[PDB]
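Enquirer: mmCIF, C-alpha atoms and all ligand atoms, file input.cif:
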data_target
#
loop_
_atom_site.group_PDB
_atom_site.id
_atom_site.type_symbol
_atom_site.label_atom_id
_atom_site.label_comp_id
_atom_site.auth_asym_id
_atom_site.auth_seq_id
_atom_site.Cartn_x
_atom_site.Cartn_y
_atom_site.Cartn_z
ATOM 1 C CA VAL I 3 -17.176 -9.600 8.796
ATOM 2 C CA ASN I 4 -13.587 -10.188 7.636
ATOM 3 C CA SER I 5 -10.443 -11.831 9.022
ATOM 4 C CA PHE I 6 -8.405 -8.708 9.871
ATOM 5 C CA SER I 7 -7.517 -8.685 13.585
ATOM 6 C CA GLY I 8 -6.181 -6.148 16.068
ATOM 7 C CA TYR I 9 -6.811 -2.982 14.031
ATOM 8 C CA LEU I 10 -7.743 0.385 15.476
ATOM 9 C CA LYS I 11 -10.748 1.897 13.681
ATOM 10 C CA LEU I 12 -10.022 5.435 12.470
ATOM 11 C CA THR I 13 -13.182 6.082 10.422
ATOM 12 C CA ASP I 14 -16.163 4.276 8.939
ATOM 13 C CA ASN I 15 -13.872 2.565 6.407
ATOM 14 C CA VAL I 16 -10.194 3.004 7.465
ATOM 15 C CA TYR I 17 -8.408 0.758 9.985
ATOM 16 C CA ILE I 18 -4.762 0.836 11.160
ATOM 17 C CA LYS I 19 -2.306 -1.527 12.870
ATOM 18 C CA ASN I 20 1.382 -1.708 13.786
ATOM 19 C CA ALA I 21 2.326 -4.682 11.630
ATOM 20 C CA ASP I 22 4.719 -5.998 9.006
ATOM 21 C CA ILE I 23 2.606 -6.036 5.833
ATOM 22 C CA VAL I 24 4.469 -9.171 4.690
ATOM 23 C CA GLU I 25 3.546 -11.110 7.826
ATOM 24 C CA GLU I 26 0.036 -9.678 7.791
ATOM 25 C CA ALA I 27 -0.492 -10.766 4.173
ATOM 26 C CA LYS I 28 0.859 -14.256 4.881
ATOM 27 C CA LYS I 29 -1.582 -14.631 7.788
ATOM 28 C CA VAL I 30 -4.728 -13.100 6.288
ATOM 29 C CA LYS I 31 -4.294 -13.996 2.590
ATOM 30 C CA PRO I 32 -6.387 -10.947 1.646
ATOM 31 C CA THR I 33 -8.097 -10.593 -1.692
ATOM 32 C CA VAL I 34 -5.879 -7.558 -2.394
ATOM 33 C CA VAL I 35 -2.510 -6.520 -0.973
ATOM 34 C CA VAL I 36 -1.223 -3.120 -2.110
ATOM 35 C CA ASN I 37 2.410 -2.719 -3.128
ATOM 36 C CA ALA I 38 4.273 0.587 -2.840
ATOM 37 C CA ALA I 39 5.454 0.324 -6.440
ATOM 38 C CA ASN I 40 7.506 2.499 -8.761
ATOM 39 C CA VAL I 41 6.677 3.039 -12.440
ATOM 40 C CA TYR I 42 9.194 0.371 -13.544
ATOM 41 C CA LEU I 43 7.901 -2.231 -11.062
ATOM 42 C CA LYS I 44 11.486 -2.617 -9.839
ATOM 43 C CA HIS I 45 10.879 -4.010 -6.354
ATOM 44 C CA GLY I 46 14.226 -3.234 -4.779
ATOM 45 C CA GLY I 47 13.556 -1.925 -1.293
ATOM 46 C CA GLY I 48 11.004 -0.595 1.107
ATOM 47 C CA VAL I 49 7.653 -2.365 1.122
ATOM 48 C CA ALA I 50 8.125 -3.513 -2.485
ATOM 49 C CA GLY I 51 11.479 -5.146 -1.818
ATOM 50 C CA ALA I 52 10.003 -6.914 1.206
ATOM 51 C CA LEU I 53 6.899 -8.181 -0.621
ATOM 52 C CA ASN I 54 8.959 -9.364 -3.575
ATOM 53 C CA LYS I 55 11.458 -11.176 -1.324
ATOM 54 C CA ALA I 56 8.551 -12.985 0.347
ATOM 55 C CA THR I 57 7.459 -14.271 -3.115
ATOM 56 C CA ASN I 58 10.950 -15.673 -3.783
ATOM 57 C CA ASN I 59 11.316 -13.090 -6.623
ATOM 58 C CA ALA I 60 8.216 -14.376 -8.471
ATOM 59 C CA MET I 61 6.663 -10.911 -8.159
ATOM 60 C CA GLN I 62 9.686 -9.403 -9.940
ATOM 61 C CA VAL I 63 9.615 -12.009 -12.737
ATOM 62 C CA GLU I 64 5.914 -11.354 -13.362
ATOM 63 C CA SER I 65 6.495 -7.595 -13.183
ATOM 64 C CA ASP I 66 9.328 -7.659 -15.727
ATOM 65 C CA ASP I 67 7.028 -9.397 -18.204
ATOM 66 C CA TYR I 68 4.290 -6.818 -17.492
ATOM 67 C CA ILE I 69 6.669 -3.918 -18.220
ATOM 68 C CA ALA I 70 8.088 -5.572 -21.339
ATOM 69 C CA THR I 71 4.535 -5.788 -22.718
ATOM 70 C CA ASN I 72 2.943 -2.570 -21.436
ATOM 71 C CA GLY I 73 5.698 -0.097 -20.585
ATOM 72 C CA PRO I 74 5.973 1.839 -17.321
ATOM 73 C CA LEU I 75 3.081 2.858 -15.136
ATOM 74 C CA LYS I 76 2.203 6.499 -14.494
ATOM 75 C CA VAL I 77 2.956 8.172 -11.174
ATOM 76 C CA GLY I 78 -0.449 8.032 -9.492
ATOM 77 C CA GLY I 79 -1.380 4.914 -11.477
ATOM 78 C CA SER I 80 -1.648 1.217 -10.751
ATOM 79 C CA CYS I 81 -1.927 -2.266 -12.162
ATOM 80 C CA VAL I 82 -3.378 -5.524 -10.832
ATOM 81 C CA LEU I 83 -1.032 -8.518 -10.869
ATOM 82 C CA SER I 84 -0.884 -11.807 -8.987
ATOM 83 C CA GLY I 85 -0.636 -11.827 -5.216
ATOM 84 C CA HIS I 86 1.513 -14.983 -5.381
ATOM 85 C CA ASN I 87 1.729 -16.630 -1.930
ATOM 86 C CA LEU I 88 0.639 -13.429 -0.154
ATOM 87 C CA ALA I 89 -2.848 -12.571 -1.475
ATOM 88 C CA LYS I 90 -5.143 -13.333 -4.378
ATOM 89 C CA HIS I 91 -4.082 -10.128 -6.151
ATOM 90 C CA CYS I 92 -1.440 -7.456 -5.726
ATOM 91 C CA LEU I 93 -2.469 -3.904 -6.594
ATOM 92 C CA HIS I 94 0.801 -2.176 -7.513
ATOM 93 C CA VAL I 95 0.212 1.533 -6.815
ATOM 94 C CA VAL I 96 2.718 4.285 -7.635
ATOM 95 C CA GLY I 97 2.684 7.125 -5.153
ATOM 96 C CA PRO I 98 4.906 10.144 -5.825
ATOM 97 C CA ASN I 99 8.502 9.731 -4.644
ATOM 98 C CA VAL I 100 9.535 12.993 -2.973
ATOM 99 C CA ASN I 101 13.176 11.929 -3.228
ATOM 100 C CA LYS I 102 12.669 12.138 -7.033
ATOM 101 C CA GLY I 103 10.903 15.528 -7.013
ATOM 102 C CA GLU I 104 7.444 14.205 -7.915
ATOM 103 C CA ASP I 105 4.271 16.217 -7.315
ATOM 104 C CA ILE I 106 2.776 15.395 -3.913
ATOM 105 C CA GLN I 107 -0.678 16.270 -5.285
ATOM 106 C CA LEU I 108 -0.417 12.969 -7.171
ATOM 107 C CA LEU I 109 -0.839 11.197 -3.826
ATOM 108 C CA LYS I 110 -4.613 11.648 -4.012
ATOM 109 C CA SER I 111 -4.676 10.151 -7.518
ATOM 110 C CA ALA I 112 -2.648 7.199 -6.211
ATOM 111 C CA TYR I 113 -5.127 6.526 -3.400
ATOM 112 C CA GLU I 114 -8.077 6.722 -5.834
ATOM 113 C CA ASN I 115 -6.928 3.365 -7.230
ATOM 114 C CA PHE I 116 -7.983 1.768 -3.933
ATOM 115 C CA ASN I 117 -11.637 2.607 -4.654
ATOM 116 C CA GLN I 118 -11.737 -0.058 -7.382
ATOM 117 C CA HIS I 119 -11.454 -2.750 -4.661
ATOM 118 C CA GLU I 120 -13.950 -3.406 -1.889
ATOM 119 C CA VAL I 121 -11.331 -4.411 0.731
ATOM 120 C CA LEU I 122 -7.537 -3.979 0.756
ATOM 121 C CA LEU I 123 -4.484 -4.499 2.952
ATOM 122 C CA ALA I 124 -2.129 -1.601 2.285
ATOM 123 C CA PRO I 125 0.834 0.509 3.412
ATOM 124 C CA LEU I 126 0.730 4.287 3.569
ATOM 125 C CA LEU I 127 1.471 5.468 0.044
ATOM 126 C CA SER I 128 4.572 7.605 -0.482
ATOM 127 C CA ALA I 129 5.755 6.944 3.104
ATOM 128 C CA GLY I 130 9.070 5.337 4.017
ATOM 129 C CA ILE I 131 11.721 5.614 1.313
ATOM 130 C CA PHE I 132 9.295 7.530 -0.944
ATOM 131 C CA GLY I 133 9.953 10.503 1.346
ATOM 132 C CA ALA I 134 6.496 11.938 2.057
ATOM 133 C CA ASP I 135 5.140 12.821 5.502
ATOM 134 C CA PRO I 136 3.215 9.731 6.703
ATOM 135 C CA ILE I 137 0.810 11.918 8.693
ATOM 136 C CA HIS I 138 -0.125 13.617 5.430
ATOM 137 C CA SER I 139 -0.398 10.273 3.634
ATOM 138 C CA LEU I 140 -2.850 9.017 6.263
ATOM 139 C CA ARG I 141 -4.943 12.189 5.917
ATOM 140 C CA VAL I 142 -5.124 11.814 2.129
ATOM 141 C CA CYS I 143 -6.023 8.134 2.535
ATOM 142 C CA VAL I 144 -8.910 8.905 4.899
ATOM 143 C CA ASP I 145 -10.177 11.733 2.674
ATOM 144 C CA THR I 146 -9.880 9.756 -0.606
ATOM 145 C CA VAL I 147 -10.483 6.035 -0.056
ATOM 146 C CA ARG I 148 -14.134 5.052 0.380
ATOM 147 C CA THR I 149 -13.655 1.279 0.304
ATOM 148 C CA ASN I 150 -12.470 -0.700 3.328
ATOM 149 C CA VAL I 151 -8.728 -0.259 3.856
ATOM 150 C CA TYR I 152 -6.578 -1.996 6.484
ATOM 151 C CA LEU I 153 -3.318 -0.081 6.882
ATOM 152 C CA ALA I 154 -0.177 -1.826 8.131
ATOM 153 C CA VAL I 155 2.469 0.474 9.625
ATOM 154 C CA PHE I 156 5.796 -1.304 10.184
ATOM 155 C CA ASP I 157 7.379 1.171 12.615
ATOM 156 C CA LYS I 158 5.834 1.138 16.096
ATOM 157 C CA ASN I 159 7.000 4.659 16.925
ATOM 158 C CA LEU I 160 5.429 5.971 13.714
ATOM 159 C CA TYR I 161 2.213 4.045 14.349
ATOM 160 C CA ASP I 162 1.793 5.646 17.786
ATOM 161 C CA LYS I 163 2.413 9.104 16.317
ATOM 162 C CA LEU I 164 -0.131 8.501 13.538
ATOM 163 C CA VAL I 165 -2.802 7.447 16.036
ATOM 164 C CA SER I 166 -2.102 10.163 18.600
ATOM 165 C CA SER I 167 -2.149 12.947 15.989
ATOM 166 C CA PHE I 168 -5.161 11.703 14.019
ATOM 167 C CA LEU I 169 -7.984 14.198 13.702
HETATM 168 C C1 LIG O 201 5.763 3.279 4.669
HETATM 169 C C2 LIG O 201 6.493 2.309 5.630
HETATM 170 N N1 LIG O 201 6.746 0.949 5.021
HETATM 171 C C3 LIG O 201 6.166 -0.283 5.421
HETATM 172 N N2 LIG O 201 4.821 -0.360 5.817
HETATM 173 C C4 LIG O 201 4.261 -1.555 6.209
HETATM 174 N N3 LIG O 201 4.874 -2.749 6.258
HETATM 175 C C5 LIG O 201 6.189 -2.689 5.862
HETATM 176 N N4 LIG O 201 7.018 -3.736 5.820
HETATM 177 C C6 LIG O 201 8.273 -3.457 5.404
HETATM 178 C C7 LIG O 201 9.366 -4.349 5.258
HETATM 179 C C8 LIG O 201 10.562 -3.797 4.813
HETATM 180 F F1 LIG O 201 11.632 -4.597 4.659
HETATM 181 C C9 LIG O 201 10.680 -2.414 4.511
HETATM 182 C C10 LIG O 201 9.561 -1.552 4.680
HETATM 183 C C11 LIG O 201 8.300 -2.036 5.132
HETATM 184 C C12 LIG O 201 6.926 -1.518 5.430
HETATM 185 C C13 LIG O 201 5.854 2.254 7.062
HETATM 186 C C14 LIG O 201 7.141 2.953 7.604
HETATM 187 O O1 LIG O 201 7.842 2.130 8.487
HETATM 188 C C15 LIG O 201 7.805 3.000 6.188
HETATM 189 CL CL CL O 202 9.688 1.981 3.333
#
As structure tokens, how would this structure be written, given the file I've shared?
Expert:
Amino acid sequence: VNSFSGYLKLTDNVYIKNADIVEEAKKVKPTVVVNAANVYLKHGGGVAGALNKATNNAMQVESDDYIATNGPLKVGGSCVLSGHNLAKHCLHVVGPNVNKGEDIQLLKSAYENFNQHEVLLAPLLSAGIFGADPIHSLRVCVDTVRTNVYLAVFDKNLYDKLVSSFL
């Protein structure tokens, strides 16, 4: 039993809700919140901009130190950093950005990072400003993640379409 509330159950391990991931993280304080990161951990917009704003820019300060030490992530890769006031940890995961021409096949590799964590609150990778089809992202999530994932979908219209079209 966990503290996530109001989710629709899609499969044995995947759950979905129309919610603002920022507000959901603040309420649940999950062990792991996933960020829709880029390789530079520049949290300017989309989910990343919203999460970083909610940390009062502390996420960005920590991220800049991480990059100065380690260099950029790989597309499809991840790193674990602090969750600040939102979660114990933040798993920064880089899905391919279609608006940059990146290989959509890397979306499966991106979701594989979730399997290193027993339970996660997450957005759909590569959705939103990353330009991929969210219906496809949900399919890859369900077919790749084996740990327990609670997906927050900000847009109500998109949420209803994801549910109604789910096979
Ligand atoms: C992939 C999508 N991104 C989000 N998913 C979950 N929670 C979110 N909160 C946000 C706050 C913001 F200021 C900007 C984007 C998001 C966002 C779902 C769809 O709407 C684009
Ligand atoms: Cl977005």
Enquirer: Can you list, as a PyMOL selection string, every protein, DNA or RNA residue that comes within 12 Å of stretch 97-110 of chain I when you count only C-alpha atoms, leaving out same-chain residues fewer than 5 positions away?
Expert: chain I and resi 36-41+75-80+115-117+125-136+138-147
Enquirer: Of the candidates I:120, I:157, I:67, I:114, which shows the shortest atom-to-atom distance to ligand CL 202 (chain O), using all atoms listed in the file?
Expert: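 Under the stated criterion, the closest residue is I:157.
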Enquirer: Going by the chain IDs and residue numbers used in this file, which residues fall under the PyMOL selection byres (((chain I and resi 49) around 8) and not hetatm)? Write them as a list in words.
Expert: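 Applied to this file, the PyMOL selection byres (((chain I and resi 49) around 8) and not hetatm) returns residues 23, 37, 38, 47, 48, 50, 51, 52, 53 and 125 of chain I.
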Enquirer: Please, what distance in Å, to one decimal, runs between atom CA of residue I:95 and atom CA of residue I:12?
Expert: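 Atom CA of residue I:12 lies at a distance of 22.2 Å from atom CA of residue I:95.
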Enquirer: So which one's closest to ligand CL 202 (chain O), I:59, I:22, I:163, I:88? Using all atoms listed in the file, please.
Expert: I:22
Enquirer: So the first atom is atom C14 of ligand LIG 201 (chain O) and the second is atom CA of residue I:62; what is the distance between them in Å, to one decimal place?
Expert: 21.6 Å
Enquirer: Write out as a PyMOL selection string each polymer residue whose atoms come within 9 Å of residue I:20, counting all atoms listed in the file; drop sequence neighbours fewer than 4 positions from it.
Expert: chain I and resi 9+153-158+160-162
Enquirer: Which residues would end up in the selection if the PyMOL selection byres (((chain I and resi 93) around 6) and not hetatm) were applied here, given that I need the answer as a VMD selection string?
Expert: chain I and resid 36 81 to 82 92 94
Enquirer: Between I:46, I:85, I:122, I:8, single out the one closest to ligand CL 202 (chain O), counting only C-alpha atoms and all ligand atoms.
Expert: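 For ligand CL 202 (chain O), the nearest of the given residues is I:46.
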Enquirer: Between atom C5 of ligand LIG 201 (chain O) and atom CA of residue I:35, what is the distance in Å, rounded to a tenth?
Expert: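 For atom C5 of ligand LIG 201 (chain O) relative to atom CA of residue I:35, the distance reads 11.7 Å.
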Enquirer: Where does the PyMOL selection byres (((chain I and resi 121) around 8) and not hetatm) land in this file, that is, which residues does it pick, as a list in words?
Expert: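 In the shown coordinates, the PyMOL selection byres (((chain I and resi 121) around 8) and not hetatm) covers residues 33, 34, 119, 120, 122, 123, 149, 150, 151 and 152 of chain I.
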Enquirer: Please produce a file of the residues just selected, as a PDB file, in the coordinates of the input, where the atoms kept are C-alpha atoms.
Expert:
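Wrote out.pdb, looks like this:
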ATOM      1  CA  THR I  33      -8.097 -10.593  -1.692  1.00  0.00           C
ATOM      2  CA  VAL I  34      -5.879  -7.558  -2.394  1.00  0.00           C
ATOM      3  CA  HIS I 119     -11.454  -2.750  -4.661  1.00  0.00           C
ATOM      4  CA  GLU I 120     -13.950  -3.406  -1.889  1.00  0.00           C
ATOM      5  CA  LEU I 122      -7.537  -3.979   0.756  1.00  0.00           C
ATOM      6  CA  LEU I 123      -4.484  -4.499   2.952  1.00  0.00           C
ATOM      7  CA  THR I 149     -13.655   1.279   0.304  1.00  0.00           C
ATOM      8  CA  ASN I 150     -12.470  -0.700   3.328  1.00  0.00           C
ATOM      9  CA  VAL I 151      -8.728  -0.259   3.856  1.00  0.00           C
ATOM     10  CA  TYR I 152      -6.578  -1.996   6.484  1.00  0.00           C
TER      11      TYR I 152
END
Enquirer: Considering only C-alpha atoms and all ligand atoms, state which residue in the set I:112, I:70, I:56, I:16 is at the smallest distance from ligand LIG 201 (chain O).
Expert: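 Of the candidates, the smallest distance to ligand LIG 201 (chain O) is held by I:56.
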Enquirer: Determine the axis-aligned bounding box of all atoms of ligand LIG 201 (chain O) present in the file, pad each side by 5 Å, and express its centre and edge lengths in Å to one decimal place as lines of an AutoDock Vina configuration file.
Expert:
center_x = 7.9
center_y = -0.7
center_z = 6.5
size_x = 17.4
size_y = 17.9
size_z = 14.0
Enquirer: For residue I:86, list every protein, DNA or RNA residue within 9 Å, evaluated using all atoms listed in the file, and leave out those in the same chain fewer than 6 positions away; present the list as a PyMOL selection string.
Expert: chain I and resi 57+60-61+92
